[PDB]
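> I'd like to ask some things about the structure below.
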Amino acid sequence: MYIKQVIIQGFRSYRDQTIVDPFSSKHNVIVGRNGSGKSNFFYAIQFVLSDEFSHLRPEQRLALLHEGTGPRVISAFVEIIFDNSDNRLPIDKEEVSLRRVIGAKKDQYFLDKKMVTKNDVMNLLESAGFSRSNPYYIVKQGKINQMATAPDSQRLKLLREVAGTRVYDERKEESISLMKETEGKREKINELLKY
Amino acid sequence: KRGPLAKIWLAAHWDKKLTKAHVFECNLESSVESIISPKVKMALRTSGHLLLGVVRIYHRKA
Amino acid sequence: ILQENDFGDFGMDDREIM
Amino acid sequence: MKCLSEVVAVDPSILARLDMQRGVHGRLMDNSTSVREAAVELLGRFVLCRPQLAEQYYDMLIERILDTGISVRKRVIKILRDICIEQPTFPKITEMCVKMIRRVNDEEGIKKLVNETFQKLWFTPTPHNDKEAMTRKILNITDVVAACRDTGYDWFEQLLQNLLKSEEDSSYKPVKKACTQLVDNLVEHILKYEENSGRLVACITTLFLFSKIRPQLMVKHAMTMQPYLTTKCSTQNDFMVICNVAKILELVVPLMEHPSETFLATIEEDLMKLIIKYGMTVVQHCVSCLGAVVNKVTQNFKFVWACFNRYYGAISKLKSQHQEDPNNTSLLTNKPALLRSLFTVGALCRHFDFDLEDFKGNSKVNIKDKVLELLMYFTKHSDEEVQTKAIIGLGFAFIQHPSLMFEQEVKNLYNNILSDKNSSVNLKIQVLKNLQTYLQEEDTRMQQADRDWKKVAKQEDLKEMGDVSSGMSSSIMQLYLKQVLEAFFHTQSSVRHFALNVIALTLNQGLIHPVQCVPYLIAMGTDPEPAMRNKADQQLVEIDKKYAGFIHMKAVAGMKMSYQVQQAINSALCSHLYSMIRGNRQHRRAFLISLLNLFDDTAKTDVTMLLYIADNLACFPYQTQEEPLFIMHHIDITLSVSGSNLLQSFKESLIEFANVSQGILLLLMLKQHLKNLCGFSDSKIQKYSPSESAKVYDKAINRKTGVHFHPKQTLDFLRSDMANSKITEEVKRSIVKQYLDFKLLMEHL
Amino acid sequence: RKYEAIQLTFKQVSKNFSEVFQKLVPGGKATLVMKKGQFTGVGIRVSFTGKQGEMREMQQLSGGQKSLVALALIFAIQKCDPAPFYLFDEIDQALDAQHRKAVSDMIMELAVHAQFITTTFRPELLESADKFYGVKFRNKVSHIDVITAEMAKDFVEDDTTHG
Amino acid sequence: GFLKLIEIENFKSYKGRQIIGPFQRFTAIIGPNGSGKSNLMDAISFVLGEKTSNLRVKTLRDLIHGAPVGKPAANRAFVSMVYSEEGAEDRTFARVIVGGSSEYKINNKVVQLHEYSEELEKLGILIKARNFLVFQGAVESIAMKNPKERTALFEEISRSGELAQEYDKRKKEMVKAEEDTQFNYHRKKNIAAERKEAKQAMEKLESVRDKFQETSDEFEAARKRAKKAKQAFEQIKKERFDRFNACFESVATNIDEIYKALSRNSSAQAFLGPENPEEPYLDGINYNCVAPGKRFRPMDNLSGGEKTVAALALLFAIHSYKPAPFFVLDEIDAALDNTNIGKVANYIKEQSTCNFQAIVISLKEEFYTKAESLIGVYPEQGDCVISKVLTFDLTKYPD
Ligand SMILES: Nc1ncnc2c1ncn2[C@@H]1O[C@H](COP(=O)(O)OP(=O)(O)O)[C@@H](O)[C@H]1O
Ligand SMILES: Nc1ncnc2c1ncn2[C@@H]1O[C@H](COP(=O)(O)OP(=O)(O)O)[C@@H](O)[C@H]1O
Ligand code: BEF
Ligand code: BEF
């Protein structure tokens, strides 16, 4: 769709990212010097959208605060604002904002000043078509070429995700274990029924 | 929230607000599976969630 | 009786700073 | 405990029976959170139901605020908030009221609950009635801020910013209105003060903190305390008031709208009179506001430029006198005037650069080079306090232009003053003061210049990333920090006070490498003063939260540095090291292996290091079973080998023998004391082997009372040694008696 | 119903992969071959510079060859069904200026399909973009703003100095 | 001296015998994508000898011309270099491969692997080092390495790696001698105890004190055994310790001054941290540097350019300890701007002229603008690609 704007306060390398002119719907180019601090944009938005980067140790989570000077920040946030114009996003509004508030232990999700149980964002982005676990459509700095050299198993996983059935496997093997244990329960029911 | 499939939405997604009253007799499983089989505009992942709901409620009846 | 404790407060002495 | 807390809440008249008193105290100091909150909840319910007779236990209550828990601190805050809200005029309220604002930044939840706690407690709208309630509210706030001065002010202004950010929209602005409803009342208090100076300076510090947080209020009241800046007596608190009101005007004059020109003018001249007739500290704290107001709106900097020219001509006369007359007595007569001239020129260099196209207004002479060269020349002087004043001027001038320390001879000035075991102790104190202050202004200016990025955003380029403006600040430490290392080995402790402050603020900025000064930081974690070791351990754990193995790298170096520290001075001192490293089995195992082998096998070290190593070893607080077992096992191995060899060599056969036997005796005494303190069967010690199983020897150790007999006996056998060499018969009798003791220890089971 | 959906989306991706391959690579053909499946693998088969006489494997390639393989798969899925957003971090690293011209041309080909955002050090790529966003790091802190085409074109290639 | 030129036969798009041009002090190999250029470096490593996987190839029968397609040129391949050194002598080394077998030649006579290896060591070539040839996407990995492998590289460059077996053997008889001594100690202490309550018949007491004497003699024999083993393990630790720490300290020194030299600055730092520094050759070695203008952060967070800075710093420092006669550099100007490529180009211009030969591959024109000779390669169509060499002078041009 179309990202309108982004807001950053204390994430890694920005104290206070103010309101700037919005983006374009076609292509937006960025150029800077070496070490410009641009990978902060990538890590920030993938932290807002994807879950996997928020799985490693708490230590670098504490190190995921802009610790430039003056006071030491404990609470940061990143906000993203965009329009659900095609209503691909199931919530019916027009300026939808997703922000993530980050503490040393704490982490909270606001969708237009609403508290989230951490499962609304997952199935919400799934309905949007996003994958929290993909390396697709997002590339790191200098990590573009592994995906071509990535062997075939995750190629099948990738195309399986493109089919959208990446859910159905974990659902079905979640079902089978409960199915078999209920088979044991109902077999027990039959001998005791005879009793 | 609202709808015959709303309880299945709660089962798939929330699963905490469910009580024994809904579990025992609110719907017939064999009815609702044939309700959901021929439906139009059915997205793949929402179908997976409805499968979550029906599998969960069936095992809860067991 | 003093059964289950810390050796003085040496385990528990995070001090105040400036 | 919770239930019987409810029981004693019903009947308070039972809290006298001694065994339950012992039980509740033990649960206060029990090694678990939940018992601690249950017991403190009991005591708080007793306090609320019975205000009297609990103030004898108030010291324990107030020391239970800091408990490294989560709900225990919430509970004790609830207790103390209700104590404050139900009984005023309790004799120890305000001191009490200090301590929890010290914990406002600790967690996010505590930050919140304390913020609305105090907002209901203090910062309520308070409509135009009940003047006396507002009055002793003001009184309490003044007592709090007066008691705040000794430790530090940053916590309360941080609280103020916490309230400021908490209301981002209008929300009626409930504190904000109340905020101005406070400040003019304080002015009203000043308006009724009129004559006790401690309360005056407390009020002006309240205004000071309110100016620090946001300067938008005092724009109408500046002329009200304008007569109070004019001229007062020669009392120190008046001088502090002068400094403070100078800071307050320094903030508030830039914000106030459309000022009177003659008002700023007369302020300017009267504060120059205050310069020329008073001491150095007020001169600095007021030349700050002079530089601000002169270089902020107005344009009459030619008069101050002429004052600079007068001082420059005076110092030129003095140096020209000293060119051919180094022994002239005319210099001693105006020597304090020379000191004042040095401070003035340093301050004029400090506030803003006058080596510009408008302050000079003519062809460039580069007067900064001349003044730094002249200050170099005055630095080489026979008297001592003139060199102190020279270093003061060096630091002050260096504030404005940091590239000036890049010159070689400036570095020569520092390293020659600080090294060589200088007789003067003061000059180190002032130069470290310059370094610490230097870090402070550069941090403040870069942080403030971050805030107004938008006003300077479009007049600066992209392809450069101007970084040497920041890099020089880093780079200067690689010129001298290693020198600073031997600055740490000083008998005077104000030296180490400033040195630790410098390195702490440095790594707080972190432009240097982390693990380069750690064994020094380890060593001065063993300092007698609590603030020193406090900051040392705090910085160590600050690294430990962020980098794991770094202190594990610096293990024995900290021990040798600590030995040097207790030479400079003349339970376990380095126990907090063990407290941090208690997690990992492999690294702790490796450290004890390295220690016990290297320093006890062959290295001919001094016995005294090994004495204090064994002192700490017996005095580390160990928590589970396996660690003393591993210690005793490798002790048994090394001891059997070394003792068998030494006894067979002496039976074959000697001051070297005396020293190595003293070390072996040290090892025996450490083993014996540990074996007594653990209270474990020696057969299980014989049965043990290293790395048998991780889950078997994890049991809780019991520590018995009064076991610490190792230091007395080791001191006895060292005073028997004293590294003494003589040909008496008595030393031979001592040698053979210790040999018989060795045979006995060999024969023990 | 999932099984034939796999089959149809595999055909759609493989045909889109071959056509984006022939768009980006001026001479040569490459596509997917499906293995014995159930399914256990899907191979990639590329022929170029003879287009039939050359037949190579997965691993022995040049960096730019692997880059165009990856980007071709990226827009094989993108043309099969677009993802809501797309973003690149120096995607033009190993490749040469001629294929930088190519990839920018397929940017203008695909810009209607989805919103692409990209950062590079090379100038030929950035003439396929709407407007220009500039990073500014000073005073030990970063900030984003908007800038123009011309001065950015100066920074990326024209100015060749110490800074 | 240096490497004069290289000769190839039937190897990686090189049909027949073609004489690649003589190599000056700093030349370069430039060409578009898929031009067949890294294979020259692959042949360089091949005649120096290295395992097939890092040459993006398996089974070493695929290295022949035409083999990746499936139709080999032949079952026969030569590769050969000529080393040129002062005193007017040149040494002609070659690798001779047929099918799956290969041999080595000096002055076109059959030379076995082992003597070839030590004579090229005398030339100054550690083929287990691998710390001088550069891969496509490994320069970022140089800093991001697990410390174990770089620790092994520093350990082998200290010529102690073959001594690992003797050291660990002497260590295990250390631990066995210690456990035997303490076992005898426990056993005689038990014997002394039971004899002590045996004191409170006389025949069994005398027999068991004879057993006590026997155990004491056995322990004394164990003491002599441990004593004899002890000093031998002392010199083995002393020699390995001395070699490794001298290497470490010289590396630490010269990497410090070259790092502060190369970034044209006085405000960056670099450090190599040894794990357990009493005996850190056995444990890991991490590597942490300070950026020219960034705060101190962990190195995983870094961008590309400062990793390239740290990697090339490591390379030039380990050269400064143990020189390599000539260098190959794969595209080290990866994500840089004009400033950093100017930095490294000026560095290699001032530093190659009297210390080392160095050859690079690149695409960014300023890097090889500073070059003094250039090697163009044109790929050509056919049944497969055939690449062709041409040489271009550069030291007859202004500014
Ligand atoms: N936690 C942090 N606090 C403050 N500054 C940080 C923090 N993490 C990174 N930075 C800064 O952000 C910048 C990141 O630059 P770098 O990672 O090299 O670039 P890029 O983001 O383009 O990969 C550096 O200049 C560094 O000082
Ligand atoms: N023996 C060979 N004969 C023909 N082509 C080959 C041979 N070996 C590799 N190639 C191909 O040549 C192309 C050029 O890449 P390569 O020779 O590896 O070097 P570079 O990476 O410098 O372009 C690649 O597509 C590669 O697969
Ligand atoms: F500022 Be970067 F190296 F994306
Ligand atoms: F893959 Be290349 F031409 F180095």
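Following the order of the structure tokens, first chain is A, next is B, and so on, with residues numbered from 1 inside each chain and ligands from 1 in the order they appear.
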Please check which protein, DNA or RNA residues sit within 7 Å of ligand 1, counting only C-alpha atoms and all ligand atoms, and write them as a ChimeraX atom specification.
/A:12-13,34-40,63-68,141 /E:140-141 /F:293-297,301-303
> Ligand 4: which residues are within 6 Å, counting only C-alpha atoms and all ligand atoms? Reply as a PyMOL selection string.
(chain E and resi 62-63) or (chain F and resi 32-38)
> Using only C-alpha atoms and all ligand atoms for the distances, tell me which of E:12, E:31, E:22, E:60 is nearest to ligand 2.
E:60
> Would you give me, as a compact mmCIF listing (two decimals) with N, CA, C and O atoms, in the first residue's frame, the residues of chain D that come within 8 Å of chain C, using only C-alpha atoms?

```txt
# COMPACT_ATOMS: atom_id res chain seq x y z
N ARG D 22 11.44 -11.74 66.93
CA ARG D 22 12.58 -12.34 66.23
C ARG D 22 12.15 -12.88 64.88
O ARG D 22 12.87 -12.73 63.88
N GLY D 23 10.98 -13.52 64.83
CA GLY D 23 10.49 -14.07 63.58
C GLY D 23 10.21 -13.00 62.53
O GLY D 23 10.60 -13.15 61.37
N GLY D 26 13.49 -11.61 61.28
CA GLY D 26 14.12 -12.56 60.38
C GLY D 26 13.44 -12.61 59.03
O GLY D 26 14.10 -12.81 58.01
N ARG D 27 12.12 -12.42 58.99
CA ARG D 27 11.42 -12.37 57.71
C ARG D 27 11.63 -11.04 57.00
O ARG D 27 11.53 -10.98 55.77
N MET D 29 14.65 -9.72 57.05
CA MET D 29 15.92 -10.05 56.43
C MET D 29 15.96 -11.47 55.87
O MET D 29 17.04 -12.06 55.77
N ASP D 30 14.81 -12.03 55.50
CA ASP D 30 14.78 -13.33 54.86
C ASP D 30 15.19 -13.19 53.39
O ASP D 30 14.95 -12.15 52.76
N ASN D 31 15.79 -14.24 52.85
CA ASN D 31 16.26 -14.25 51.47
C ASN D 31 15.15 -14.55 50.46
O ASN D 31 15.32 -15.39 49.57
N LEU D 66 14.48 0.02 49.76
CA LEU D 66 15.38 -0.46 48.72
C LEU D 66 15.62 -1.96 48.85
O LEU D 66 16.48 -2.41 49.60
N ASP D 67 14.76 -2.75 48.18
CA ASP D 67 14.74 -4.20 48.39
C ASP D 67 14.89 -5.04 47.12
O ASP D 67 14.71 -6.26 47.20
N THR D 68 15.26 -4.44 45.97
CA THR D 68 15.52 -5.16 44.70
C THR D 68 14.39 -6.11 44.28
O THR D 68 14.61 -7.07 43.55
N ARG D 102 14.66 9.60 45.10
CA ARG D 102 15.86 8.92 44.66
C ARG D 102 15.57 7.63 43.90
O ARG D 102 16.42 7.17 43.13
N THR D 151 23.30 15.50 48.51
CA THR D 151 23.46 14.38 47.58
C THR D 151 23.44 14.86 46.13
O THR D 151 24.43 14.71 45.41
N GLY D 152 22.32 15.43 45.69
CA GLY D 152 22.21 15.88 44.31
C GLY D 152 20.81 16.28 43.91
O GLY D 152 19.83 15.73 44.42
N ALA D 531 30.92 6.31 48.68
CA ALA D 531 30.58 6.83 47.35
C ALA D 531 31.55 6.34 46.29
O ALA D 531 31.14 6.07 45.15
N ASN D 534 30.93 2.79 45.60
CA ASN D 534 29.57 2.81 45.07
C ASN D 534 29.59 3.06 43.57
O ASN D 534 29.03 2.28 42.79
N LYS D 535 30.26 4.13 43.15
CA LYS D 535 30.35 4.44 41.73
C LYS D 535 31.16 3.38 41.01
O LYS D 535 30.87 3.05 39.85
N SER D 579 30.29 -11.50 43.74
CA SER D 579 28.83 -11.39 43.66
C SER D 579 28.37 -11.31 42.22
O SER D 579 27.34 -11.88 41.85
N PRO D 621 31.37 -14.41 50.22
CA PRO D 621 30.13 -15.12 50.52
C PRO D 621 29.76 -16.13 49.44
O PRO D 621 29.22 -15.76 48.39
```
> Just want the 10 Å neighbourhood of range 4-12 of chain B, counted on only C-alpha atoms, with same-chain residues fewer than 2 positions away dropped. Output as a PDB file with N, CA and C atoms, in the first residue's frame.

```pdb
ATOM      1  N   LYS B   1     -18.564 -11.148  18.918  1.00  0.00           N
ATOM      2  CA  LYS B   1     -19.230  -9.852  18.949  1.00  0.00           C
ATOM      3  C   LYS B   1     -20.671  -9.969  18.465  1.00  0.00           C
ATOM      4  N   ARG B   2     -20.837 -10.418  17.222  1.00  0.00           N
ATOM      5  CA  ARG B   2     -22.158 -10.575  16.626  1.00  0.00           C
ATOM      6  C   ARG B   2     -22.058 -11.569  15.481  1.00  0.00           C
ATOM      7  N   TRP B  14      -9.662 -15.436  20.700  1.00  0.00           N
ATOM      8  CA  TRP B  14      -9.586 -15.091  22.118  1.00  0.00           C
ATOM      9  C   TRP B  14      -9.475 -16.344  22.989  1.00  0.00           C
ATOM     10  N   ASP B  15     -10.488 -17.223  22.929  1.00  0.00           N
ATOM     11  CA  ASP B  15     -10.547 -18.532  23.593  1.00  0.00           C
ATOM     12  C   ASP B  15     -10.629 -18.438  25.123  1.00  0.00           C
ATOM     13  N   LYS B  16     -10.518 -17.234  25.680  1.00  0.00           N
ATOM     14  CA  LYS B  16     -10.644 -17.049  27.121  1.00  0.00           C
ATOM     15  C   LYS B  16     -12.074 -16.766  27.562  1.00  0.00           C
ATOM     16  N   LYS B  17     -12.851 -16.050  26.749  1.00  0.00           N
ATOM     17  CA  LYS B  17     -14.227 -15.716  27.099  1.00  0.00           C
ATOM     18  C   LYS B  17     -15.197 -16.884  26.947  1.00  0.00           C
ATOM     19  N   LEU B  18     -14.753 -18.015  26.402  1.00  0.00           N
ATOM     20  CA  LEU B  18     -15.620 -19.177  26.247  1.00  0.00           C
ATOM     21  C   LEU B  18     -15.988 -19.773  27.600  1.00  0.00           C
ATOM     22  N   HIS B  22     -21.708 -22.338  26.222  1.00  0.00           N
ATOM     23  CA  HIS B  22     -21.519 -22.358  24.775  1.00  0.00           C
ATOM     24  C   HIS B  22     -20.954 -23.697  24.318  1.00  0.00           C
ATOM     25  N   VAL B  23     -20.035 -24.264  25.101  1.00  0.00           N
ATOM     26  CA  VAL B  23     -19.368 -25.510  24.729  1.00  0.00           C
ATOM     27  C   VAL B  23     -20.355 -26.670  24.625  1.00  0.00           C
ATOM     28  N   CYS B  26     -24.537 -24.918  22.168  1.00  0.00           N
ATOM     29  CA  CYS B  26     -24.902 -23.747  21.365  1.00  0.00           C
ATOM     30  C   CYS B  26     -24.994 -24.063  19.872  1.00  0.00           C
ATOM     31  N   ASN B  27     -24.099 -24.906  19.352  1.00  0.00           N
ATOM     32  CA  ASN B  27     -24.159 -25.276  17.942  1.00  0.00           C
ATOM     33  C   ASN B  27     -23.813 -26.744  17.739  1.00  0.00           C
ATOM     34  N   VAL B  32     -22.255 -26.850  11.363  1.00  0.00           N
ATOM     35  CA  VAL B  32     -21.478 -25.651  11.063  1.00  0.00           C
ATOM     36  C   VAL B  32     -20.377 -25.962  10.049  1.00  0.00           C
ATOM     37  N   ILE B  35     -22.066 -25.670   6.923  1.00  0.00           N
ATOM     38  CA  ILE B  35     -22.288 -24.240   6.706  1.00  0.00           C
ATOM     39  C   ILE B  35     -21.067 -23.616   6.044  1.00  0.00           C
ATOM     40  N   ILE B  36     -19.876 -23.941   6.547  1.00  0.00           N
ATOM     41  CA  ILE B  36     -18.668 -23.240   6.118  1.00  0.00           C
ATOM     42  C   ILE B  36     -18.098 -23.823   4.822  1.00  0.00           C
ATOM     43  N   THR B  46      -8.505 -17.072   6.955  1.00  0.00           N
ATOM     44  CA  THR B  46      -9.731 -17.057   7.759  1.00  0.00           C
ATOM     45  C   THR B  46     -10.370 -18.443   7.803  1.00  0.00           C
ATOM     46  N   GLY B  48      -8.558 -21.156   7.756  1.00  0.00           N
ATOM     47  CA  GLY B  48      -7.720 -21.814   8.751  1.00  0.00           C
ATOM     48  C   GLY B  48      -8.135 -21.480  10.174  1.00  0.00           C
ATOM     49  N   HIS B  49      -8.524 -20.226  10.410  1.00  0.00           N
ATOM     50  CA  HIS B  49      -8.988 -19.823  11.737  1.00  0.00           C
ATOM     51  C   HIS B  49     -10.318 -20.486  12.083  1.00  0.00           C
ATOM     52  N   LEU B  50     -11.221 -20.605  11.107  1.00  0.00           N
ATOM     53  CA  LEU B  50     -12.478 -21.299  11.367  1.00  0.00           C
ATOM     54  C   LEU B  50     -12.237 -22.780  11.651  1.00  0.00           C
ATOM     55  N   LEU B  51     -11.239 -23.372  10.988  1.00  0.00           N
ATOM     56  CA  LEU B  51     -10.811 -24.727  11.327  1.00  0.00           C
ATOM     57  C   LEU B  51     -10.260 -24.813  12.744  1.00  0.00           C
ATOM     58  N   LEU B  52      -9.473 -23.816  13.163  1.00  0.00           N
ATOM     59  CA  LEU B  52      -9.061 -23.714  14.565  1.00  0.00           C
ATOM     60  C   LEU B  52     -10.256 -23.733  15.498  1.00  0.00           C
ATOM     61  N   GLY B  53     -11.259 -22.910  15.194  1.00  0.00           N
ATOM     62  CA  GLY B  53     -12.425 -22.829  16.057  1.00  0.00           C
ATOM     63  C   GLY B  53     -13.152 -24.155  16.168  1.00  0.00           C
ATOM     64  N   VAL B  54     -13.384 -24.818  15.028  1.00  0.00           N
ATOM     65  CA  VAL B  54     -14.158 -26.059  15.055  1.00  0.00           C
ATOM     66  C   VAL B  54     -13.358 -27.197  15.696  1.00  0.00           C
ATOM     67  N   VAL B  55     -12.054 -27.294  15.405  1.00  0.00           N
ATOM     68  CA  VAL B  55     -11.203 -28.299  16.041  1.00  0.00           C
ATOM     69  C   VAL B  55     -11.154 -28.089  17.550  1.00  0.00           C
ATOM     70  N   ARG B  56     -11.001 -26.830  17.977  1.00  0.00           N
ATOM     71  CA  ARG B  56     -10.921 -26.506  19.396  1.00  0.00           C
ATOM     72  C   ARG B  56     -12.219 -26.865  20.107  1.00  0.00           C
ATOM     73  N   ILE B  57     -13.363 -26.467  19.534  1.00  0.00           N
ATOM     74  CA  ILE B  57     -14.630 -26.743  20.202  1.00  0.00           C
ATOM     75  C   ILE B  57     -14.940 -28.238  20.195  1.00  0.00           C
TER      76      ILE B  57
END
```
> Need to verify the contact set: range 374-378 of chain F, 12 Å, only C-alpha atoms, exclusion of same-chain residues closer than 3 positions in sequence. Can you return it as an NGL selection string?
:F and (5 or 13-14 or 20-38 or 40 or 359-363 or 365 or 367-371 or 381 or 385-395)
> Within 8 Å of chain A, which residues of chain E are there when counting only C-alpha atoms? Please give them as a JSON list (two decimals) with C-alpha atoms, in the first residue's frame.

```
[["chain", "number", "residue", "atom", "x", "y", "z"],
["E", 2, "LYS", "CA", -4.41, -26.43, -1.00],
["E", 5, "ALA", "CA", -3.33, -24.21, -5.29],
["E", 6, "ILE", "CA", 0.34, -25.11, -4.76],
["E", 9, "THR", "CA", 0.98, -20.91, -7.94],
["E", 10, "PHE", "CA", 4.11, -22.88, -8.83],
["E", 40, "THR", "CA", 11.17, -32.63, -2.05],
["E", 41, "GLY", "CA", 12.87, -29.96, -4.17],
["E", 42, "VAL", "CA", 12.57, -27.45, -6.98],
["E", 43, "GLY", "CA", 15.59, -26.82, -9.19],
["E", 58, "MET", "CA", 23.35, -23.49, -8.42],
["E", 59, "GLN", "CA", 26.65, -22.57, -6.85],
["E", 63, "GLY", "CA", 28.07, -12.23, -7.67],
["E", 66, "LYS", "CA", 23.45, -14.52, -8.27],
["E", 67, "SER", "CA", 22.10, -11.01, -7.71],
["E", 69, "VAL", "CA", 18.88, -14.59, -9.96],
["E", 70, "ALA", "CA", 17.64, -13.29, -6.62],
["E", 74, "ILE", "CA", 11.80, -11.34, -6.07],
["E", 77, "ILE", "CA", 6.62, -13.51, -6.71],
["E", 83, "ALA", "CA", 3.49, -7.75, -1.54],
["E", 84, "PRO", "CA", 2.12, -4.54, 0.05],
["E", 85, "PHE", "CA", 5.58, -2.95, 0.28],
["E", 86, "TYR", "CA", 9.14, -3.36, -1.00],
["E", 87, "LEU", "CA", 12.47, -2.05, 0.27],
["E", 88, "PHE", "CA", 16.09, -2.41, -0.78],
["E", 89, "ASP", "CA", 19.42, -1.80, 0.99],
["E", 90, "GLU", "CA", 22.08, -1.34, -1.74],
["E", 91, "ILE", "CA", 20.44, -3.96, -3.95],
["E", 111, "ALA", "CA", 6.10, 1.18, -9.80],
["E", 112, "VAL", "CA", 2.36, 0.97, -10.44],
["E", 114, "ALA", "CA", 3.74, -1.67, -5.45],
["E", 115, "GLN", "CA", 5.53, 0.94, -3.34],
["E", 116, "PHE", "CA", 9.30, 0.52, -3.59],
["E", 117, "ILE", "CA", 11.80, 2.30, -1.33],
["E", 118, "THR", "CA", 15.53, 1.92, -1.87],
["E", 119, "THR", "CA", 18.95, 3.21, -0.82],
["E", 120, "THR", "CA", 22.11, 3.08, -2.95],
["E", 121, "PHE", "CA", 25.55, 4.58, -3.58],
["E", 126, "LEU", "CA", 18.21, 6.91, -8.62],
["E", 128, "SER", "CA", 14.01, 5.82, -11.39],
["E", 129, "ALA", "CA", 12.41, 7.39, -8.30],
["E", 130, "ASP", "CA", 9.74, 9.97, -7.56],
["E", 131, "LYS", "CA", 11.33, 12.18, -4.90],
["E", 132, "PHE", "CA", 14.41, 12.35, -2.74],
["E", 133, "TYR", "CA", 14.89, 11.70, 0.98],
["E", 134, "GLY", "CA", 18.05, 12.76, 2.77],
["E", 135, "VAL", "CA", 19.72, 11.50, 5.91],
["E", 136, "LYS", "CA", 21.60, 13.93, 8.14],
["E", 137, "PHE", "CA", 23.89, 12.71, 10.93],
["E", 140, "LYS", "CA", 26.14, 12.45, 17.39],
["E", 141, "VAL", "CA", 22.56, 11.97, 16.16],
["E", 142, "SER", "CA", 20.66, 11.08, 12.97],
["E", 143, "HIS", "CA", 17.62, 12.68, 11.36],
["E", 144, "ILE", "CA", 15.63, 12.26, 8.13],
["E", 145, "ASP", "CA", 14.37, 15.09, 5.93],
["E", 146, "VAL", "CA", 13.28, 15.73, 2.33],
["E", 152, "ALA", "CA", 21.51, 14.51, -4.23],
["E", 156, "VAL", "CA", 26.19, 10.52, -4.86]]
```
> Enumerate as number ranges by chain the residues belonging to chain D that approach chain A to within 9 Å, with only C-alpha atoms taken into account.
D: 105, 107-108, 443-444, 446-448, 450-451, 462-465, 508-509, 545-547
> Please extract the residues of range 22-91 of chain E with a backbone DSSP assignment of strand (DSSP E or B) and present them as a PyMOL selection string.
chain E and resi 28-34+42-48+85-89
> Mind dumping the selected residues with C-alpha atoms as an mmCIF file, in the first residue's frame?

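Result file is result32.cif:
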```
data_model
loop_
_atom_site.group_PDB
_atom_site.id
_atom_site.type_symbol
_atom_site.label_atom_id
_atom_site.label_comp_id
_atom_site.auth_asym_id
_atom_site.auth_seq_id
_atom_site.Cartn_x
_atom_site.Cartn_y
_atom_site.Cartn_z
ATOM 1 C CA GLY E 28 19.452 -16.394 -22.196
ATOM 2 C CA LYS E 29 16.631 -18.419 -20.663
ATOM 3 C CA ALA E 30 16.111 -19.678 -17.118
ATOM 4 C CA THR E 31 13.230 -21.317 -15.276
ATOM 5 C CA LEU E 32 12.200 -23.741 -12.545
ATOM 6 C CA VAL E 33 12.089 -27.527 -12.867
ATOM 7 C CA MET E 34 9.998 -29.447 -10.349
ATOM 8 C CA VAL E 42 12.575 -27.452 -6.978
ATOM 9 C CA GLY E 43 15.593 -26.818 -9.187
ATOM 10 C CA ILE E 44 16.733 -23.682 -11.008
ATOM 11 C CA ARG E 45 18.016 -24.063 -14.568
ATOM 12 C CA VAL E 46 19.792 -21.217 -16.371
ATOM 13 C CA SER E 47 21.384 -21.053 -19.831
ATOM 14 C CA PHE E 48 23.058 -17.955 -21.254
ATOM 15 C CA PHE E 85 5.581 -2.950 0.277
ATOM 16 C CA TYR E 86 9.144 -3.359 -1.003
ATOM 17 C CA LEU E 87 12.467 -2.053 0.273
ATOM 18 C CA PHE E 88 16.090 -2.405 -0.784
ATOM 19 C CA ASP E 89 19.419 -1.801 0.987
#
```
